[PDB]
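So the chains spell out like this:
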Amino acid sequence: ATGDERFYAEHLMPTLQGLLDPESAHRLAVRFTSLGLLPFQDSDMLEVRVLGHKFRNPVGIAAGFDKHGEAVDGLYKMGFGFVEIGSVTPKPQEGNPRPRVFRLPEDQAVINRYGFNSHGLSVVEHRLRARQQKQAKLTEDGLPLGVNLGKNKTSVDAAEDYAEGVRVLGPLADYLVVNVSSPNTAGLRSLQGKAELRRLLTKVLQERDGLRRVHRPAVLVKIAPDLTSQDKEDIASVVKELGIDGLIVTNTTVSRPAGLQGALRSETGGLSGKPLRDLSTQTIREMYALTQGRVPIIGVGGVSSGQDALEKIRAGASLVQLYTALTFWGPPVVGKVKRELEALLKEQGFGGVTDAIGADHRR
Ligand SMILES: Cc1cc2nc3c(=O)[nH]c(=O)nc-3n(C[C@H](O)[C@H](O)[C@H](O)COP(=O)(O)O)c2cc1C
Ligand SMILES: CC(C)[C@H]1CC(=O)c2nnn(-c3cc(F)c(-c4cccc(N(C)C)c4)c(F)c3)c2C1
Ligand SMILES: CCCCCCCCCCCC[N+](C)(C)[O-]
Ligand SMILES: O=C(O)c1cc(=O)[nH]c(=O)[nH]1
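About the thresholds
- Residues numbered from 1 in each chain as written, not as in the entry; some residues may be left out.
- Chains lettered and ligands numbered in written order.
- Heavy atoms only, no water.
- Near = heavy atom within 4 Å.
- Areas by Shrake-Rupley, 256 points an atom, 1.4 Å probe, with all protein chains shown as cover.
- Helix = DSSP H or I, 4+ residues; strand = E, 2+ residues; numbered from the N terminus.
- Nonpolar A, V, L, I, M, F, W, Y, C, P; charged D, E, K, R; others polar.
- Pairing = 2+ DSSP bridges.
- Axes fitted to C-alpha atoms, helices over the stretch in contact; angles between N-to-C directions.
- Polar contact = N/O pair within 3.5 Å; in protein donor to acceptor, adjacent residues only side chain to side chain.
- Core = buried A, V, L, I, M, F, W, Y, C linked by side-chain atoms within 4.5 Å.
- Buried < 20%, exposed > 50% of the residue type's maximum accessible area, 1.4 Å probe, protein only.
- Contact = heavy atoms within 4.5 Å.
- Right-handed = clockwise from strand over helix to strand, strands pointing away.

Enquirer: Lay out the site of ligand 2 with the relevant residues and their values.
Expert: Around ligand 2, a shell composed of 18 residues is seen, among which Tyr8, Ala25, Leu37, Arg103 and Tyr323 lie nearest. Protein contacts shield 94% of the accessible area of ligand 2, which totals 640 Å² for the unbound molecule. Looking at the shell around ligand 2, the elements that each hand over two or more residues are α1 (3-19), α2 (22-34), β5 (101-104) and α11 (325-329). Considering each element in turn, the shell around ligand 2 owes the most residues, six residues, to α2. Partitioned by chemical class, the residues of the shell around ligand 2 number 14 nonpolar, three polar and one charged.

If you want it as structure tokens, here you go:
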């Protein structure tokens, strides 16, 4: 309940929404963040050790905000415990024609169909190289960096696209994400099927294992919220079989939950924000159980509060991410989630975040 929190949520963000279309607002958000034009101290309680790293707090920025790696340091300054950039495709590509981003203010939601607009691996590679040693120190300080990998629209061999991403950006990342769950690239989600996924992930892991030790990232798979029970079983099996390091749960949904009020609810694309929240949480809950709690989960979808974050943690997430909440609360949402999360942990008798991970499954 800070002053900045209310000001941003009641006055500044509604005004910015009134003046700028969603994509323009996105571009401005990236610009301001990259320039440090931004408005809470992390306690030991919020520290998490997973994926071979220390995370000083469990609240990350989800993929899709900083697609091209332009605002990484600004995002740490915003208070995120870790930053994920991407998705990045091998070659540059423009993505879908505009308009391709839509606000649903009545639903605290967004729909997007960007279609992997990407500066490409080479540009992002040089952008990260320019701050590689700074990042090494941040990572050692408990502020890790993730790189989310996509594939080009016209690509003939999906596995080769991801392999290229591993080779080029793997050495610059604490973890990589095989994003096989964007709803805006034709045929992409079918790579979530068992046979396809096993081949794909085998190639990715081999390429990863071929990197020098200090440049060898964890590999996670990011999945949709729209999977069948069969799909989820298959993914859990393959992940355990191959020793995948973790899961990101979830991407946006192509479903349209009953009760959406936004005028733009029937736009094509992935839906994010509050209407996704519990769908995402239940997918975390299921994947945690299917993997016996032995596979770290980063929980994502509709987080805007400590309660939202804690529900995903108790469902099985070791870390969480948010993105869409920024549209409505702005940068203060990060400190807000961290403060509320700490208070709830104390209130529910947890020694820290680590004690709460998967707690719903143990009672
Ligand atoms: C505009 C927009 C762009 C996104 N781009 C990507 C992306 O490139 N790669 C990816 O894995 N997820 C992408 N996402 C999904 C987010 O990373 C996240 O999984 C999802 O939005 C749910 O979290 P949220 O409700 O807090 O926004 C994007 C989401 C939005 C809203
Ligand atoms: C989800 C994404 C596609 C869009 C969707 C959308 O419709 C939207 N509308 N506004 N907005 C947005 C604009 C912003 F300028 C910042 C921002 C960032 C950093 C600093 C500041 N300030 C100093 C005030 C502001 C922000 F966090 C979010 C978004 C994000
Ligand atoms: C300012 C708008 C705030 C809207 C907050 C939404 C609260 C949760 C309701 C969405 C639930 C979607 N569903 C059916 C999939 O659970
Ligand atoms: O680039 C996009 O359209 C996109 C990619 C992704 O993984 N998720 C999403 O909602 N959009």
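Enquirer: Please provide a residue-by-residue account of the sheet that holds strand β10 (residues 246-249), values included.
Expert: With parallel pairing, the eight strands of this closed barrel are ordered in space as β3-β4-β7-β8-β9-β10-β12-β13. Strand-to-strand twist of the sheet, defined as the mean angle between neighbouring strand axes without regard to direction, takes the value 25°. Here strand β8 (residues 175-179) pairs with strand β9 (residues 218-223) via five bridges, running parallel. Bridge pairing in β9 places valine 177 opposite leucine 220.

Enquirer: An account of the site of ligand 1 is requested, with residue identities and associated values reported.
Expert: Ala63, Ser87, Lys222, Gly302 and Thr324 are the nearest of the 23 residues found near ligand 1. Measuring from an oxygen atom of ligand 1, one finds a backbone N or O atom of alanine 63 at 2.6 Å. Protein chains bury 97% of the 610 Å² of accessible surface belonging to ligand 1 in isolation. When contributions to the shell around ligand 1 are tallied by element, the ones reaching two or more residues are β4 (82-88) and β11 (270-273). Considered class by class, the residues forming the shell around ligand 1 number seven nonpolar, 14 polar and two charged.

Enquirer: Just give me the short version of the nonpolar core, but keep the residues and values in it.
Expert: In terms of nonpolar packing, the biggest core is built from 94 residues, with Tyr162, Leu169, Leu247, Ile298 and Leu345 touching the most fellow members. Top contributing element to this core by residue count: helix α12 (residues 332-347), with six residues. Discounting chain neighbours no more than four positions away, the residues touching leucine 247 are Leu220, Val221, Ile223, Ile235, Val239, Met287, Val295, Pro296, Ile297 and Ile298. Ranked by size, the runner-up nonpolar core spans six residues in total, among them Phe102, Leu104, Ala109 and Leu271.

Enquirer: Give me the sheet that holds β5: which residues, what numbers.
Expert: Strand order in the open sheet made by the three strands is β5-β6-β11, with antiparallel pairing throughout. Bordering the open sheet on either side are β5 and β11, each of which pairs with just one other strand. Each strand of the sheet is rotated relative to its neighbour by a mean of 25°, with strand direction disregarded. In this sheet, β11 lies alongside strand β6 (residues 109-112) in antiparallel orientation, the contact comprising four bridges. Looking at the pairing, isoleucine 111 lines up with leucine 271 of β11.

Enquirer: Tell me about the side chain of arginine 314, residues and numbers included.
Expert: Among the structural elements, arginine 314 can be located in helix α10 (residues 306-315). Note on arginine 314: relative accessible area 18%, which makes it buried. Looking at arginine 314, its side chain comes within polar contact range of the side chain of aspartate 360, at 2.7 Å. Each residue touching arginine 314, except ones within four places of it in the same chain, is listed here: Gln348, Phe350, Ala356, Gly358, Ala359, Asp360, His361 and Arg363.

Enquirer: I'd like a description of the environment of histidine 68, backed by residues and values.
Expert: Residue position: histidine 68 is located in the loop between β3 (59-61) and α3 (72-77). Of the residues examined, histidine 68 reaches a relative accessible area of 11% and is grouped as buried. When the C-alpha positions of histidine 68 and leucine 149 are compared, they lie 11 Å apart, and in sequence the two are 81 residues distant. For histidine 68, the side chain forms a polar contact with the main-chain nitrogen of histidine 119, separated by 3.3 Å.

Enquirer: Any details on unusual backbone geometry? Residues and values, ideally.
Expert: The amide bond that connects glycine 86 to the next residue, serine 87, takes the cis arrangement and shows omega of 5°. Looking at the secondary structure, you find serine 87 in strand β4. A cis amide bond links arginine 98 with the next residue in sequence, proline 99, at an omega value of 0°. Structurally, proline 99 can be placed in the loop between β4 and β5. Despite not being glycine, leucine 51 has its phi angle at roughly 55°, a positive value. Counting through the fold element by element, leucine 51 comes out in the loop between β1 (48-50) and β2 (53-55).

Enquirer: Describe the environment of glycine 262, with residues and values.
Expert: Inspection of the secondary structure assignment puts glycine 262 in the loop between β10 and β11. Here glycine 262 falls in the buried class, since its relative accessible area comes to 3%. Not counting chain neighbours up to four residues away, the residues in contact with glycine 262 comprise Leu104, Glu106 and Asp107.

Enquirer: For the pairing of strand β7 (residues 145-149), give the residues involved together with the corresponding values.
Expert: Taken residue by residue, a regular strand's side chains alternate between the two faces of the sheet. In terms of burial, β7 is largely enclosed, as five of its five residues are buried. Two elements, β4 and β7, share four bridges in a ladder whose sense is parallel. Residue pairing in the sheet places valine 83 in a bridge with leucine 145 of β7. Sheet analysis places β7 next to β8, joined by four bridges and oriented parallel. The residue of β8 that forms the bridge with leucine 149 is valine 178. Handedness of the β7-helix α6 (residues 158-169)-β8 crossover: right-handed.

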